[PDB]
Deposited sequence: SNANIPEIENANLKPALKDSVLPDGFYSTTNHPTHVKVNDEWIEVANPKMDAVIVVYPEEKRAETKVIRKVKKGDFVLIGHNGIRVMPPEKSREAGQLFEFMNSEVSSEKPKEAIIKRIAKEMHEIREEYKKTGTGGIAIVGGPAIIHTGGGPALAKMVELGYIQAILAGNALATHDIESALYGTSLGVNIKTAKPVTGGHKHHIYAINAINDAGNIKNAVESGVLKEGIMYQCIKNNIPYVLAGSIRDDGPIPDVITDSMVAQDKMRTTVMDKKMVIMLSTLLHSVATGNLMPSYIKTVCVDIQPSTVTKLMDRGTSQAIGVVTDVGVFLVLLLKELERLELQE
C-alpha cells in the first residue's frame, strides 16, 4: 500500500542559488515534520512562504526562504512524507474598546508573569513612529520600564523621534506635551540624529547621560534588545540602524522566534514583514487606525490573533493605565 503521508519525502537538489526545483513544497507557518530515510525529522524554524531544505546525513531539516536556497540544497518536493502540526471576528472599529484593552492587559500580565518565572517567552513590540506622533511614546516607555517588553522591532524614525522627544520635547518639531509646533522645530530631528552620531550610538548616549528618558533609554537600562531596520525614507540614519533589508530581516526573525506574543503597533510594512517571519504558535495583537491595515494583518495571521482598529496614541495611554491597575 502506498500512503503518501508516511512515504519517504521526495527531494531535489537546487540547480542554482535561489532557484527552486519544480514541484517544491511551499511551507505553512506551522511546525512541520518530514520523513527522511524512514525517520521523521522535525523541521527547524517554521515560517510560511518558504521551502524545506533537508540534510539527510545530518538527520536534520530547516525552513529556507528562496533567497537563502543554495545550489545543491536538497529541497523538499512533491506530496510524500510531509506532516504539518498546527497548534491546538469581522474587522471593525465599532467594538467595545475599554473592554478589549482590559482583556489585552490581563493577557500581557499573565505572559509577563510566566516570563519572570521561566526566563523565556515574553512580548515583542513592532512599532512605527506614529507611536511618537500620537503622544503614545511615554506610555510605551513605561511598559518597557515595568518589564512588559522583551524586544522592540522598529526603524530609524521611531528611534529618532523618541530621542527627539527626550532631548527637545518634540516629534518633527511638535511639542509632545502641548501638541503645539515649536518655531524652527523642523531641525530638531536632525539635531537628535547628530547628537546620537556624536555619542557614537544609542547605548553610549544612554550610558553617558546624553539620553535620560524614553523608549530607547528604557531598552538600554533594562537590557531589552531592539532591531532598527533601515528604510529608504530614513534621515541619517542613526548608527544603530541596520541599513541592509535582508540582514535586518534575519535579525528580526531570530528576535521574534522565541516570544509568546507580538504586539503590532501601526506600521503596515514593519508589521507585515514581522508577521511573515512568525510561526503560527506566537500570539498576535494587531493595532491600527485603518480597518484595511488591520485586515491585511488578520490575513497572514498566526493561529491566535486579534485585530483592534483604533488610534495607537489613546490605545497605549489607556492600556498603560490598565497595566498600572494590575500592578496594584
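Asks: Counting from 1 along the deposited sequence, which stretches lack C-alpha positions?
Replies: Unmodelled stretches, in sequence order: 1 to 2, 91 to 103, 344 to 345.
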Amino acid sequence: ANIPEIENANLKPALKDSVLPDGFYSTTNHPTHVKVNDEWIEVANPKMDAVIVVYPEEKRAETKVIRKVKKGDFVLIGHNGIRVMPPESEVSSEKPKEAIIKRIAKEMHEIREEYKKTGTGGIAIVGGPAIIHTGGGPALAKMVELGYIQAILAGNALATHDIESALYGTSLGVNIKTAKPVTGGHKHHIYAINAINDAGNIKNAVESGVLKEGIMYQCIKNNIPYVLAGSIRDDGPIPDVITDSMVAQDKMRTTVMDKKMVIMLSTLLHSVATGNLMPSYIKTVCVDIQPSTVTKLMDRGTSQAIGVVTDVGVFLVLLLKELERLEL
From here on, numbers count along this sequence of modelled residues.
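Asks: State which stretch shows the higher mean Cα B factor in the entry: 124 to 132 or 252 to 260.
Replies: Mean C-alpha B-factor is greater for 252 to 260.
Asks: If you average the CA temperature factors over each stretch, which comes out higher, 49 to 57 or 282 to 290?
Replies: Higher mean C-alpha B-factor in the PDB entry: 49 to 57.
Asks: Out of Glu213, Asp73, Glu107, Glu145, whose C-alpha atom has the biggest B factor in the entry?
Replies: Highest C-alpha B-factor among the listed options: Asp73.
Asks: Which third, lowest, middle or highest, does the C-alpha temperature factor of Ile82 belong to within its own chain?
Replies: For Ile82, the deposited C-alpha B-factor lands in the highest third.
Asks: Divide the modelled residues of the chain into thirds by Cα B-factor and specify which third, lowest, middle or highest, holds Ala9.
Replies: Tercile = highest for this residue's CA B-factor.
Asks: Select lowest, middle or highest to describe the third in which the CA B-factor of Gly173 falls within its chain in this entry.
Replies: CA B-factor rank for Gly173: lowest third.
Asks: Within this chain's modelled residues, let me know which third the CA B factor of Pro225 belongs to: lowest, middle or highest.
Replies: Middle third.
Asks: Check where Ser89 lands among this chain's C-alpha B-factors and tell me if it's the lowest, middle or highest third.
Replies: For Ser89, the deposited C-alpha B-factor lands in the highest third.
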